[PDB]
Amino acid sequence: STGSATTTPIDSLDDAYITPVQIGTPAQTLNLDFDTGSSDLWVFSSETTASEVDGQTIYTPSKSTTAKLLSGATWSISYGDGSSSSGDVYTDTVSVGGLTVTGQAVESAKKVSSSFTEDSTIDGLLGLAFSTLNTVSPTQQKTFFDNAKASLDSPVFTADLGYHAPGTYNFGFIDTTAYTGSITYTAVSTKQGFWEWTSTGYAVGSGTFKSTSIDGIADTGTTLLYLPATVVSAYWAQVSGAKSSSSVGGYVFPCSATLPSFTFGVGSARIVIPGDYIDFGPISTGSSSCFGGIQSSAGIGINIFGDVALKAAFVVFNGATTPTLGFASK
């Protein structure tokens, strides 16, 4: 089997992407944030504290003939941005882009933190990291991909995120019309539960490529690109007036600037992030200070190849016995 679903930016800045997911019988369609940096599929639901729902589409298990309470199971998750959610668990039928998993753990939110409430466009998250990170207790549950894997034509999914435009998540096949040149594959460590890999270096604009190993995670659920402070300083030093602001919480730059591109290494291959991808607009409405799309990972504890990086590529998440990541230009 295979599946293919369109993923759509939630706003003009590509702060995140939502993908429609069918849950239950009859189908309840929710727009979920596919997150290769976590491993819980959780949704706004009929059980979510009323004051914490503001515009989201909710899953109502009692209206699904295939929903079953996973007795005793609870979940609770906290993300790198400080947001969180928690609740109980049903199993139900979940389909993505024509691909159906029966018996999927659907984690029903009783509580969500303010960040989720305030984002009316995201009805929940669908985790695609490794199932070892799943938070369901006392019986850990599998991700959608993990459950689908054996049935898939090939044990892979691909992320093809758009810049200011829709893209595609495919399951079980590689669309060879969706990228240019070749796909360069690189080793993955699953030791932290993430799609963790080592970039071979970087370049700023038309500058020379610096060979240096940068360990990081491929994370569709993080907006920006988070790299070591040395690397980020080297980038913003090429932008007149750019500075790191503790008050804002990162590098800002004059909105009048033309940003240089950023290149990262995948083995001997190179992925180029156009400068425009790194512009996340005024820090506040009407400001002439703009927020940078490349930020320091110092004090995150890990480097993160978020959407800024991934949307410049066609990315293969290979869930073979020995997992790997593949990157192609597009």
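Things worth noting here:
- Computed log₁₀ I(q)/I(0) - Debye formula, equal Cα scatterers, no solvent, the stretch 5-174, q 0.09, 0.11, 0.16 Å⁻¹: -0.27, -0.40, -0.90
- The residue among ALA165, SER268, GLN104 whose Cα reaches farthest toward the positive pole of the charge dipole of the chain, with charges on the beta-carbon of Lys, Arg, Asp and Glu, is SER268.
- Taken over the chain, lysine pairs spaced eight or more positions apart, or on distinct chains, with alpha carbons under 19 Å apart number 5.
- Among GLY97, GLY249, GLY172, the residue with the largest mean-square fluctuation in a Gaussian network model of the chain, with springs joining Cα atoms closer than 10 Å, is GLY249.
- Once the Cα-Cα distance is subtracted from the 0.36 nm per residue extended length, the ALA257 to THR322 segment shows a gain of 19.0 nm.
- Simple spin-label estimate for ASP215 and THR74 in nanometres, 7 Å along Cα-Cβ: 3.4
- Highest mean packing first, where packing is the average number of other Cβ atoms within 10 Å per residue, the peptides 120-132, 36-48 line up as 36-48, 120-132.
- For the chain, the C-alpha radius of gyration sits at 0.98 times the compact-globule guess of 2.2 N^0.38 Å, with N the residue count.
- Amide H within-cut-off set for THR29, under 5 Å, with H built and near neighbours excluded: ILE23
- Computed on the chain, with alpha-carbon pairs under 8 angstrom and 6+ residues apart, the relative contact order is 19 percent.
- Separation of the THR230 and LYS63 label points, Cα + 7 Å toward Cβ, nm: 5.5
- Spatial separation of Cα centroids for the stretch 1-29 and the stretch 55-130, in angstrom: 13
- Rounded to the nearest 500, the 222 nm mean residue ellipticity of the chain from helices alone is -1500 deg cm²/dmol, with -39,500 (n - 2.57) taken per DSSP H run of at least 4 residues.
- Under 5 Å between amide hydrogens, built in the peptide plane, is the criterion, and for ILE273 it picks out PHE262, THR263, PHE264 among residues at least 5 positions away or on other chains.
Cβ sites come from the backbone with ideal geometry, for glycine too, and all protein chains shown count toward neighbours. Every number here is computed from the coordinates shown, using simple stated rules; none is lab data.
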